[PDB]
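In: Generate a structure from the sequence data that follows.
(chains A and B)
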Number of protein chains: 2
Amino acid sequence: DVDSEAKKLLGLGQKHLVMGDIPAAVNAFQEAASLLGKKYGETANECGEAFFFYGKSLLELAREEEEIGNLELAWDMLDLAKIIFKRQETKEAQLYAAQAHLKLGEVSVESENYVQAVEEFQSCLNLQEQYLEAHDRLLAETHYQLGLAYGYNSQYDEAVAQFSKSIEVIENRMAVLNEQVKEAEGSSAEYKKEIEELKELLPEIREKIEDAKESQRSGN
Amino acid sequence: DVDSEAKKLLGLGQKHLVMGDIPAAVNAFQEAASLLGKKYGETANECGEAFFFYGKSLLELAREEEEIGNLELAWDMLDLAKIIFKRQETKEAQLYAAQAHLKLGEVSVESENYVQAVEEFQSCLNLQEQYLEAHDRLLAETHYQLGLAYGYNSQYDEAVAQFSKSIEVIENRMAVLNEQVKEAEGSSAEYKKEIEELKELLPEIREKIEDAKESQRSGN
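Out: Numbering: from 1, shown residues only, chains lettered A, B, ... in the order given. Find the structure here:
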């Protein structure tokens, strides 16, 4: 009924970013976020994934005018999605909440408020650093975003600090990624060798049956 | 003490097959299997891995003479290792017991007794087919060994049957192996792309610090 016709509208807006047709991506999330709100309430867990993407789109859509108008709403939405995500004890529910703070600080940057950006980016880095690997790509992406906000607020000692931490993750990641390429191409070699030898003993088995059924006829 | 000086002798005999110097590989397992027997008994679980390799070597060593003598003992040993393995409820302990029956039937083949070979190979196939994948390489290797014994006993209908089953596994395996090469080289591509893009944003971050510390000096 509702959940059905709404889950349908979510798949659209995401492939509207795939399409890049943002203005229709917004109206895709508009109605979807409206239904779940009118049905389940402004805070029920059902509306987290919805309020997030709807807020996310308004930020992208916003790129003094109606741009300042859309930021105000995009904030309110992501705040809700944050509140909706944070309260649930789930690694997935938390990283979503981290993602709320992330875009929450991106909206702060767009609105020239950098102190808040520093706060929301800090909030998001905090959460991610409980669940994710130290070499996770996201730690790098937030450290950088945070170091940008620090820089906009001309706290260069701390902006340099975050750029360092973001490089420290990016390097330590490519290390893992290289190690994973070795093991990937290494196992690809093991698998390929077995095939190239599995291939070369079916001849033996056929010339075993060739020579077997021939002995069955000869006995007759 | 004993377990220490014996576990040492096991590592030798295995790298004596790596060396291919079988006659010294036998005396490597001889003493090792003797110590654990004299300490723990002719059936204690400690002596399974030992009695197996010692039996395994005597079979290889045996390739009417002292060859017939070594087969008699190689049998007795692998029988024990079988008894020692089978009684333990462990996927690993069972596949070892399957391996006992396997070499147990190989010894039967070498001794011109094919009916027993058929039995011991059948015993081993039975066990493996509980734990292993249907595309496991071992199912193929036993089906073949069994079809050989069936052939030596000129039951060609059943020898052809086993060669078929062994081909059916070997083909269905290369299918998996091919599928695993795809995913291996596929993931190798994902990992390699991330590196080639992780590499190309450290420039951005350095020219972010370059441009950052320069603003710190300019303020001063």
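
In: could you check the angle helix B:156-198 makes with the longest helix seen in chain A?
Out: Counting by DSSP state H, the longest helix found in chain A is helix A:156-198. On the basis of axes from the mean of the first three to the mean of the last three CA atoms, to 10 degrees, helix A:156-198 is oriented at 160 degrees to helix B:156-198.

In: For helix A:156-198, name the packing helices and strands.
Out: helix A:137-152, helix B:156-198, helix B:202-219 (3 or more CB pairs under 8 Å, 6 or more residues apart in numbering or on different chains; DSSP states H and E). From N, CA and C alone the C-beta is placed, and that goes for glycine too.

In: What are the buried residues along the first one?
Out: Buried positions in helix A:137-152, judged by neighbour count with 16 or more other CB atoms under 10 Å in any protein chain shown: A:138-152.

In: now it, how far from the chain's geometric center?
Out: From the chain centre to the centre of helix A:137-152 is a distance of 16 Å (CA atoms, centre = their mean, to the nearest Å).

In: could you check the angle helix B:202-219 makes with that helix?
Out: Angle of helix A:137-152 versus helix B:202-219, following the same axes, to 10 degrees, is 20 degrees.

In: hmm, who's touching helix A:137-152?
Out: Helix A:137-152 is contacted from outside by A:98, A:102, A:105-106, A:108-109, A:114, A:117-118, A:121-122, A:124-125, A:128-129, A:132-133, A:156, A:158-163, A:165-166, A:169-170, A:173, B:194, B:198, B:205, B:208, B:212, using CB atoms under 8 Å, 6 or more residues apart in numbering or on different chains.

In: Mind giving me the PyMOL select for the residues you listed, buried ones only?
Out: To isolate the buried members of those in PyMOL, using 16+ other CB under 10 Å:
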select buried, (chain A and resi 98+102+105+106+108+109+114+117+118+121+122+124+125+128+132+156+159+160+162+163+165+166+169+170+173) or (chain B and resi 194+198+205+208+212)
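
In: quick one, domains of chain A?
Out: As assigned by automatic domain parsing, chain A contains the domains A:1-113, A:132-220.

In: now those domains as JSON lines including distance to residue B:218?
Out: Formatted as JSON lines, the domains of chain A follow (distance: least, CB to CB, whole Å):
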{"stretch": "domain A:1-113", "distance to residue B:218": "21"}
{"stretch": "domain A:132-220", "distance to residue B:218": "10"}
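
In: looking at these, which is buried most?
Out: domain A:1-113 (a mean of 18; mean count of other CB atoms under 10 Å in any protein chain shown).

In: how about residue A:73, what does it touch?
Out: Shown in contact with residue A:73 (CB under 8 Å, 6+ apart): A:55, A:58.

In: does it belong to a helix or a strand, and which?
Out: Per DSSP states H and E: residue A:73 is located in helix A:66-86.

In: what's the answer for residue A:60, then?
Out: helix A:48-61.

In: now that helix against helix A:66-86, angle please.
Out: Using the same axes, to 10 degrees, helix A:48-61 lies at 160 degrees relative to helix A:66-86.

In: and helix A:48-61, what does it pack onto?
Out: Packing partners of helix A:48-61 (3+ CB pairs under 8 Å, 6+ apart): helix A:2-17, helix A:22-40, helix A:66-86, helix A:91-110.

In: mind checking which of those is nearest residue A:47?
Out: helix A:22-40 (4.4 Å; CB to CB).

In: what's in contact with that closest one?
Out: In contact with helix A:22-40 (CB under 8 Å, 6+ apart) are residues A:2-3, A:5-6, A:9-10, A:12-13, A:16-17, A:19, A:44, A:46-47, A:50-51, A:53-54, A:57-58, A:60-61, A:77.

In: need the contact list for residue A:61.
Out: Residue A:61 sits next to A:22-23, A:25-26, A:70 when contact means CB under 8 Å, 6+ apart.

In: rerun that using 6 Å as the cut-off
Out: By CB atoms under 6 Å, 6 or more residues apart in numbering or on different chains, residue A:61 lies in contact with A:22, A:26, A:70.

In: So it versus residue A:82, what's the distance?
Out: Distance from residue A:61 to residue A:82, counting by CB to CB, to the nearest Å: 19 Å.

In: what do you get for residue A:43?
Out: 11 Å.

In: Equivalent analysis for residue A:21, please.
Out: Counting by CB to CB - residue A:21 and residue A:82 are separated by 27 Å.

In: cool, and residue A:216?
Out: Separation of residue A:216 from residue A:82 (CB to CB): 77 Å.

In: Next: residue A:215.
Out: The gap separating residue A:215 from residue A:82 is 78 Å, by CB to CB.

In: Equivalent analysis for residue A:57, please.
Out: As judged by CB to CB, residue A:57 and residue A:82 stand 16 Å apart.

In: next one: phi and psi at residue A:89?
Out: Backbone torsions of residue A:89, given as degrees, to the nearest 10, read phi -80, psi 90.

In: again, but for residue A:154
Out: Main-chain dihedrals, residue A:154, degrees, to the nearest 10: phi 50, psi 40.

In: do you know how far it is from chain B?
Out: Using CB to the nearest CB, to the nearest Å, we find residue A:154 at a distance of 7 Å from chain B.

In: And residue A:115, by the same measure?
Out: 18 Å.

In: Grab the nearest non-local neighbour of that residue.
Out: Excluding the flanking residues, the one nearest residue A:115 by CB to CB, 6 or more residues apart in numbering or on different chains is residue A:153, at 6.2 Å.
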